[PDB]
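In structure tokens, the next block holds one chain alone, the form deposited in one PDB entry.
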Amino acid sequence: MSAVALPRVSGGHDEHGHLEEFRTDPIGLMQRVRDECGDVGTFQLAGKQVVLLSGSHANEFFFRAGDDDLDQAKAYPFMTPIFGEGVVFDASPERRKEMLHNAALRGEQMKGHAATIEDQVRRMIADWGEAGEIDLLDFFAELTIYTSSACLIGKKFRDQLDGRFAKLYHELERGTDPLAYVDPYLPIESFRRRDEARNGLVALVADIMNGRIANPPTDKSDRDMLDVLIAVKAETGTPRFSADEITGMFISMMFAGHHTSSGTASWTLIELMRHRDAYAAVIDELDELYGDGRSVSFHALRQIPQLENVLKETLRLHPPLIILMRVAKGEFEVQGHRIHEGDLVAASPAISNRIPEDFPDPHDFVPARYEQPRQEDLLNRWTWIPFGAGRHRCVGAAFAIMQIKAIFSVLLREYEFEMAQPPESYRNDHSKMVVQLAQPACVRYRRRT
């Protein structure tokens, strides 16, 4: 005969099975898989079967699985066109990923990054005046382009960037419609805007490169990563790297941290405004903490409990990545259910972070869950997964947390924020593999004191 069918969730009778629903309501769909199927259930994503695992036992299998068992490498095909075919530092598949963020993520670099991040925020709110309104996506998306580029590539580089880079990068991120699992190069409008956006980014970098070659003045110093790549010559004296190759690398370096930090910063603010009591606790803590006269570069690397717990709760309720993917490289049994090589295996932070048994009143904002006595994040090692877990746990976790600390250490002490629309109107756009805060997301601010 053949192989036993795995539990399959209801619906999925559209052109690409469950793909359409995954686009309009991925969380509702993934939740229905768990409700109907249990810890192991499936849904059809175009021609691919997704084995969605949930619960502590199945998640453990998922996160502890080695690269040889559940391959993460080709589990996110929507990234292929974004990163590009460009090749700067040719090395192993694991090497390439390391080179992207390892250097800048060094602990010894953290202090500097916090100072850089503080500078980026003050610069971003420099023209805010006494009072006004902003849109969280516009503000945070752009801000994080500045923090990401300045920290990962260099300050000199960020100083040559402006809103254009952010607008284009945003289009890049929107070029991740689920249809990417069919083919990331399909004749889709979003995919075309993606390719065009990328081309626009390459052009912005080419302009910078040209500008630097013509006029490189300064104290003959401050030379950043772009300067080094520009100066690299091939054996004949010709520049070795094109603007595309360089841009492709820069894009790759700041991608992971951009959509995540932008959305997480937005939701942190949203949850603080939604819960004035937590907001007030954070302010008191911030004013009291910085009362020692130490800098953000000092405090952002150290304990700021109230804010951190708000952040953790914000991440539990609004995990930037609502689904994690792998490609099975063999057969494995998980609770009597068999996974076959070629199967897309997934885990969902969106779903797992709200399992009723692991997180009392999973739908409520309770930063106290992470307080010393409770520590629900640490106790549920396989289900509190905003940063994933196991072998592929987010290597940028420390940086991201420090960044949030740094950003709000400035924002919450300079301005007071209030929602300019109904608290329930703030929502995410889950139509793309890369979750983005949906607009409008209007917020009012006013100088404190």
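We number the residues from 1 along the sequence you see. Only the largest set of C-alpha atoms that superpose within 1.5 Å between the two forms is called the rigid core. Shifts are known only where both forms have a C-alpha.
Here the subject shifts to the form deposited in another entry, a form of this protein not shown in this document.
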Can you tell which of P187, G237, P217, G293 moves its Cα by 2 Å or more between the shown form and the other one, with the two forms laid on the rigid core? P217
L137 C-alpha moves between the shown form and the other one by 2 Å or more, core aligned: no
I want to check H101: does it shift between the shown form and the other one by 2 Å or more at the Cα, with the core superposed? yes
Can you confirm the direction of the Cα distance change for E94 and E341 in that other deposited form, closer or farther than in this form, given it is 3 Å or more? farther
If the CA atoms of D69 and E94 move by 3 Å or more in that other deposited form, do they move toward each other or away, so closer or farther than here? farther
For residues common to both forms, which consecutive runs of 3 or more show C-alpha displacement of 2 Å or more between the shown form and the other one upon rigid core superposition, listed in sequence order? 94-101, 217-221
